[PDB]
Amino acid sequence: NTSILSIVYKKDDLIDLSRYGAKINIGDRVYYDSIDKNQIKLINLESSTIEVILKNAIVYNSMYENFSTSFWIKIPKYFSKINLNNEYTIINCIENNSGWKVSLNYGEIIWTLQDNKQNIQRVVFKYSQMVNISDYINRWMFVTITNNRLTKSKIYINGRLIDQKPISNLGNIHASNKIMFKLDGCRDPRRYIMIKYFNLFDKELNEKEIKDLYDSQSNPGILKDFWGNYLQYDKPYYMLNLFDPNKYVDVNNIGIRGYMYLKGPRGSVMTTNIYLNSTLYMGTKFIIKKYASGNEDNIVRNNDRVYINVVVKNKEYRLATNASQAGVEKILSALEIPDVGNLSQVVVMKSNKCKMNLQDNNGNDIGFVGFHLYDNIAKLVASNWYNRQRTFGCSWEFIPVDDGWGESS
Ligand SMILES: CC(=O)N[C@H]1[C@H](O[C@@H]2[C@H](O)[C@@H](O)[C@H](O[C@H]3[C@H](O)[C@@H](O)[C@H](O)O[C@@H]3CO)O[C@@H]2CO)O[C@H](CO)[C@H](O)[C@@H]1O[C@@H]1O[C@H](CO)[C@H](O)[C@H](O[C@]2(C(=O)O)C[C@H](O)[C@@H](NC(C)=O)[C@H]([C@H](O)[C@H](O)CO)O2)[C@H]1O
């Protein structure tokens, strides 16, 4: 552990777990998420600040010493022309025109190094808002920036190297003893970010260190929604099939003689010059219902035994099948909840992206929920074929409505 700053939530506050015990000053307008307290929200106000004061012994002052930062960030969709050409600082460690900072702009994360003769290098991660389905817009990203003073500054996103710039021509970098987390210079009063697990390291992290940090901070026994938030019970979700992302779930008819299937194409949402995406708030909603989960919270965990409700014309039905139908593929139906009887409905949730393993009432696997083409109709099925087998039809995302995406529901 070469971490010299590691910030985490404790008791309505933030603490440094490092042996260097940074002082952390939090403003009056900083917010912790209700479900995951480590998710910090900063808004576009002067009091929405976190100031981290490093011990003098670890302040960065060197031409030669290698160093890295890591953090998680969730950046809501840019929906206004005032967001074009508005670079704003979010993480400042600049003192007397030397140091480092993280800034944002439309579709960008920017790393800046500035030496004590005001030579700069910027490394920029650009993501497009003109894409069908974005890996990045309003989705948690794991950011890692590494700096080797002889070679390159590198940006990783979700543990993968995205780009790099040579930095060997920079001289002495003397950063601040203060790290200010604050939206600085943002003209849009509605901009916010969410951030967690800010770390500093006194080396250039290697690819394995970065992959292990990614995995270790990911809460791997908790299932995630599309946005990367914790998956929850009693929260309506629009479904995305990762094999066929340009389709959405629909119900042909309710009852044991009906079926669910993937219908295409998705519509689009756009604002000229700002974004052009596939519509996410489409199709049959799924609601994850408590079965074997405990009373302690609404978080869906790996191996939780659940029921799945499906919403059809503002009424809830139960996802179920008759496992005794001929063939490995068990066509799924939307049943009246009272009328399920002895039909298979228990689902084991698995966290890989989200999988749903349908069970019979004896505790035996019926198989992962996916789809099967019956001529041109992609019917939802449970099939032990999936279980026996990178991207299959049994891989799903759950998309709840979110403030940061802004499409009409
Ligand atoms: C290709 C296929 O049909 N796979 C079936 C599998 O079929 C067996 C053989 O492999 C077939 O070649 C053979 O076809 C016969 C026809 O039935 C007959 O009418 C024709 O005239 O002659 C052929 C005889 O050679 O049939 C045999 C057995 O009958 O059988 C298994 C179960 O044993 C599955 O049904 C399998 O289809 C797969 O089913 C799963 C769910 O169980 C799933 O739907 C798979 O579909 C995806 C996926 O969800 O991951 C999604 C895509 O639709 C699919 N691509 C296609 C079909 O274009 C992909 C890929 O197939 C690949 O698996 C991953 O990319 O998978 C589905 O393939």
Side-chain angles (χ1 to χ4, degrees), residues 130-135 226 236-270 276-288 308-336 339-340 343-345 347 349-350 352-360 365-400 407-409:
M130 317 295 182
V131 289
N132 283 3
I133 309 281
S134 176
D135 288 337
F226 177 78
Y237 291 121
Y238 299 96
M239 299 304 303
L240 177 79
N241 188 277
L242 287 170
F243 195 88
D244 288 3
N246 195 33
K247 290 176 202 282
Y248 59 87
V249 179
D250 195 15
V251 174
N252 189 247
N253 218 322
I254 56 153
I256 191 52
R257 270 167 301 285
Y259 60 89
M260 306 198 270
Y261 65 106
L262 295 166
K263 186 175 170 207
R266 286 178 179 277
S268 60
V269 294
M270 60 157 287
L276 175 50
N277 316 116
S278 309
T279 48
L280 298 182
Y281 304 162
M282 279 197 90
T284 314
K285 295 186 289 293
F286 282 21
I287 304 169
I288 308 178
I308 302 282
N309 284 5
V310 313
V311 181
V312 184
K313 294 153 210 197
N314 302 115
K315 186 164 129 96
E316 300 181 28
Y317 298 85
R318 182 55 45 79
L319 182 162
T321 196
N322 196 337
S324 303
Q325 73 195 261
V328 52
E329 294 88 13
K330 313 313 180 172
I331 293 163
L332 303 182
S333 296
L335 295 203
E336 297 281 4
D339 293 358
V340 179
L343 292 177
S344 296
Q345 54 170 341
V347 170
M349 304 296 302
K350 301 289 310 180
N352 71 257
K353 303 127 257 94
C354 298
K355 293 215 154 254
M356 287 174 279
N357 193 12
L358 191 64
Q359 312 284 299
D360 72 11
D365 289 357
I366 296 173
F368 287 118
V369 173
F371 74 82
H372 189 74
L373 278 169
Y374 296 91
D375 303 307
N376 50 299
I377 309 306
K379 292 191 189 181
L380 297 206
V381 303
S383 185
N384 269 327
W385 180 89
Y386 288 130
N387 308 56
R388 289 174 214 127
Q389 284 325 287
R390 278 161 163 92
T391 308
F392 296 102
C394 54
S395 282
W396 299 91
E397 304 270 2
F398 292 86
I399 317 170
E407 152 183 357
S408 294
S409 29

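In what follows, residues are counted from 1 in the order of the sequence shown.
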I'd like to know if the side chain of [X] reaches the main chain of [Y], judged simply by a donor and an acceptor atom lying under 3.5 Å from each other, with no hydrogens or angles considered.
X: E329; Y: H372; result: no
X: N132; Y: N277; result: no
X: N322; Y: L343; result: no
X: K330; Y: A382; result: no
X: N241; Y: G393; result: yes
X: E407; Y: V269; result: no

Are the side chains of [Y] and [X] in contact, using a 4.5 Å heavy-atom criterion?
X: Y259; Y: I377; value: yes
X: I254; Y: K315; value: no
X: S395; Y: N352; value: no

Does this structure show an ion pair linking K285 with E316, if we count only N-O contacts that are shorter than 4.0 Å?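 Not counted as a salt bridge, because no side-chain N and carboxylate O are separated by less than 4.0 Å.
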
In Å and rounded to the nearest 0.5 Å, what is the [atom1] to [atom2] distance from [X] to [Y]?
X: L332; Y: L319; atom1: CG; atom2: CG; answer: 5.0 Å
X: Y248; Y: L280; atom1: OH; atom2: CG; answer: 13.5 Å
X: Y374; Y: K379; atom1: OH; atom2: NZ; answer: 7.0 Å
X: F368; Y: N387; atom1: CZ; atom2: CG; answer: 4.5 Å
X: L242; Y: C354; atom1: CG; atom2: SG; answer: 9.0 Å
X: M356; Y: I308; atom1: CE; atom2: CD1; answer: 5.5 Å

Do we get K263 above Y261's six-membered ring, with its NZ or CZ under 6.0 Å from the centre and within 45° of the axis?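 No, a cation-pi geometry is absent between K263 and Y261.
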
Just to verify, what does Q359 make a side chain to side chain donor-acceptor pair (under 3.5 Å) with, not counting sequence neighbours?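 Side chain to side chain donor-acceptor pair (under 3.5 Å) check on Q359 returns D365.
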
Looking at [X] and [Y], what are the two nearest heavy atoms and their distance?
X: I256; Y: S333; value: O-OG, 3.7 Å
X: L335; Y: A320; value: CD1-CB, 3.9 Å
X: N384; Y: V328; value: N-CG2, 4.0 Å
X: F226; Y: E397; value: CA-OE1, 3.5 Å
X: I331; Y: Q325; value: N-OE1, 3.0 Å
X: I287; Y: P236; value: CG1-CA, 4.0 Å

Ring centres under 6.0 Å, that's the criterion: do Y237 and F286 meet it?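 Between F286 and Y237, which both carry aromatic rings, the centre distance is not below 6.0 Å.
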
Matching residue for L240 among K353, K247, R266 - test: side chain to side chain contact (heavy atoms under 4.5 Å, CB included):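 Single pass found, and it is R266.
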
Option passing ring pair (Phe, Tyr, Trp, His ring centres under 6.0 Å) with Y238 (candidates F398, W396, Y281):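 It is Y281; the other options fail the test.
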
